[PDB]
Amino acid sequence: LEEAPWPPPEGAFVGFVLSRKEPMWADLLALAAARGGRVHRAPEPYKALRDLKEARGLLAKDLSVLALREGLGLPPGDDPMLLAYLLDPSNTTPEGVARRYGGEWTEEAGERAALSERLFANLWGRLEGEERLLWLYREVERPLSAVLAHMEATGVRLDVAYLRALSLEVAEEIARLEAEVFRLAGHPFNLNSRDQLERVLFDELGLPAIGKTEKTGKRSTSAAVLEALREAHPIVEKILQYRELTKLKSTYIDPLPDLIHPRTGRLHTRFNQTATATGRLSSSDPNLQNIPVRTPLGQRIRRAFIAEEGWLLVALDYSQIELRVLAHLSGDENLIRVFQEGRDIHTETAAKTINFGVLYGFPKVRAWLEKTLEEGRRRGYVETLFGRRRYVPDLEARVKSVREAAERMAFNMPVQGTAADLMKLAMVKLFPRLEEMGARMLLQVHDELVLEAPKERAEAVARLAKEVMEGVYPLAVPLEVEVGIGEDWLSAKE
DNA sequence: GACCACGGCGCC
DNA sequence: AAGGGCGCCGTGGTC
Ligand SMILES: [Mg+2]
Ligand SMILES: [Mn+2]
């Protein structure tokens, strides 16, 4: 490469080095661009950002997020991770991708920008002909990355003083349970230690081991095992409560307050777009897709996610997206009439534990299942309604437990992959319309979305987002969305 | 201090 | 609903 002066011309690939992975917390240590043969290294990274028109490169969405916290509208566009990930969703990291498609992922910004150019070449080449993957790329994954960049930049508001109060309460009850259990044991021990607990239950007290752990073969102390021993001994219910409280305190109540961003007053996740085997997003640092919901204490934690003052949260949930998608994929004239007729699938068919089990093993269903394994064995991958693929190679393993595990992965992906393609497309469609009404998209939770709207315009945003989500891509069966509205996530009623 | 494997468990 | 998909915690441990 011919090392050239900043700035680069239109359309260059960008490479950048961050002091850490979270773009909302990162310092920009270096910035470069590459096009043709030349590398352009920016003398001053942050000022240099202003001269870009869009982010084009490996991890584009991360640079667009950093740009966005700094006040600049720099959207991402082309990203070789996205194409690689469409080709094989086992392509999740730039290290892997680089090694696979012709480069080395290093820590130097110039070499990353170069790397980007050569990789996109090599990958856009592997997508000539793959016309459905090209479509998910142009119409879903590339535009979506702009939307997730803005969601990440915006963040969600948290009531800290509430969480600090919950924390003291919960520390008090933890103390009650732990004293309870130590006396029952006749001695004190580390209750967060599954090994010392295991000695207590099974060696010291007389209780029956029910399961062994996978990798090392210790007697399990999982919830399953403890539920099975609930009647056997009073120490057990206490341990179950202790686990519950300490899980929620260690994972949500204590750390989340400390992640509030000084400049925004909000919490900012990463929505990872190339992290999953099925085309779902993941969320990390912190994960906001696993905020508690089933227990009382869980629901009190969920009250802590709140709208800005004067706004409201708008929570929208697809009603059994996966069964409805199974109806469309399999074409079972019967299962479709069940949804088209507005009726509750769980009633017409105890039974919920067969509607949901048949995802993993009504005849067009079995037919669908069997055709899926066959095309999986033949081609080596299965696919979604939109043609997203997951390669499942052990479908022909000669060990039954591995083949059968593989079959379960193979069944699952077309339905999970499809529900995901749908939610992804629907975010892409919904985003620009929310902006037009000054509303925000805050979170995605697989088949749910959380938006924030000015109180005055909330019922109208909810009406609009519902129709957009319901009509995203009509299928033999209707997609149903439940909408809720409220001042906190629990009241909004997701 | 950073990283690790494991068991365990939060959500979809 | 979680025989599928995730990410995060503390422990016991290395380096
Ligand atoms: Mg829900
Ligand atoms: Mn599972």
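These values consider heavy atoms only, across backbone and side chains, with no hydrogens, waters or symmetry-generated copies. Every chain is numbered from 1, with letters handed out A, B, ... down the list of sequences.
Here A/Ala419 lies out of heavy-atom contact (under 4.0 Å) with every strand. Among the atoms of the strands shown, only primed sugar atoms or phosphate atoms (P, OP1, OP2) are found under 4.0 Å from some heavy atom of A/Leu248. No contact: A/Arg219 has no heavy atom under 4.0 Å from any strand. Residue contacts for A/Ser283: at a heavy-atom cut-off of 4.0 Å it reaches the sugar-phosphate backbone alone, with no base atom in range. Residue-level contact check: A/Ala420 touches neither bases nor backbone, having no heavy atom under 4.0 Å from any strand.
One atom, CD of A/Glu322, and another, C1' of C/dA1, lie 10 Å apart when rounded to the nearest Å. The distance between atom CZ of A/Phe411 and atom P of C/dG5, rounded to the nearest whole Å, is 13 Å. Put simply, CG on A/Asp447 is 16 Å from P on C/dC6, counting in whole angstrom units. Note: CG (A/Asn355) to P (C/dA2) measures 13 Å, nearest angstrom. Whole-Å rounding puts the A/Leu201 CG to B/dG8 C1' distance at 14 Å. Put simply, CZ on A/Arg324 is 15 Å from P on C/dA1, counting in whole angstrom units. Computed from coordinates, the A/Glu404 CD to C/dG4 P distance equals 11 Å when rounded to whole Å.
Under the 6.0 Å distance and 45° angle rule, A/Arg112 counts as a cation-pi partner of A/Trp105. For A/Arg69 and A/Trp25, the positive end is not near the middle of the six-membered ring at less than 6.0 Å and at most 45° from its axis. The cationic group of A/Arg389 lies under 6.0 Å from the six-membered ring centre of A/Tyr381 and within 45° of the ring axis, placing it in a cation-pi geometry.
Between A/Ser282 and C/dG5, a side-chain N or O to OP1/OP2 separation shorter than 4.0 Å is absent. Contact check, A/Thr213 against B/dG7: a side-chain N or O comes under 4.0 Å of OP1 or OP2.
The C1'-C2'-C3'-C4' torsion of C/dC6 is positive, so its sugar falls on the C3'-endo, or north, side. Sugar conformation, B/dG7: south. The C1'-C2'-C3'-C4' torsion carries a negative sign. Sugar pucker of C/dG5: north, as indicated by a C1'-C2'-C3'-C4' torsion of positive sign.
Distances from the side chain of A/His446 to the nucleotides C/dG5, C/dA1, B/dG7 place C/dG5 closest. The side chain of A/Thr216 approaches B/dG7 more closely than any other nucleotide in the set B/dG7, C/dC8, C/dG4. The A/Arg408 side chain lies nearest to C/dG3 when the options are B/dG8, B/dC11, C/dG3. Listed nucleotides: C/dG5, B/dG8, B/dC11. Nearest to the side chain of A/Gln416: C/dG5. Closest approach to the A/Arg280 side chain among B/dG8, C/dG7, C/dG4 is made by C/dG4 (side chain taken as heavy atoms from C-beta onward).
Here the options are A/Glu172, A/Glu180, A/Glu173, the test is salt bridge (charged side-chain N to carboxylate O under 4.0 Å, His left out), and the partner is A/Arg176; only A/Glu173 passes.
C/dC6 and C/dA1 have their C1' atoms separated by 16 Å, given to the nearest Å.
Comparing A/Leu359 and A/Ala405 along DNA chain C, the residue whose closest nucleotide (by nearest heavy atom) sits nearer the 5' end is A/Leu359.
Among residues two or more places apart in sequence or in another chain, the side-chain contact (heavy atoms from CB on, under 4.5 Å) test is passed with A/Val428 by A/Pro143, A/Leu144. For A/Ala84, the side-chain contact (heavy atoms from CB on, under 4.5 Å) partners are A/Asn91, A/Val97, A/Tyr101, A/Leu123, not counting sequence neighbours.
Relative ring orientation between A/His346 and A/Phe356 is described as perpendicular, the plane-to-plane angle rising above 60° on a 0-90° scale split at 30° and 60°.
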What does the B/S/- profile of nucleotides 9-15 of chain C look like, 5' to 3', with a 4.0 Å heavy-atom cutoff to protein? SSSS---
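Annotation: side chain of A/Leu59 is in contact with side chain of A/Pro94 (closest heavy-atom distance under 4.5 Å).
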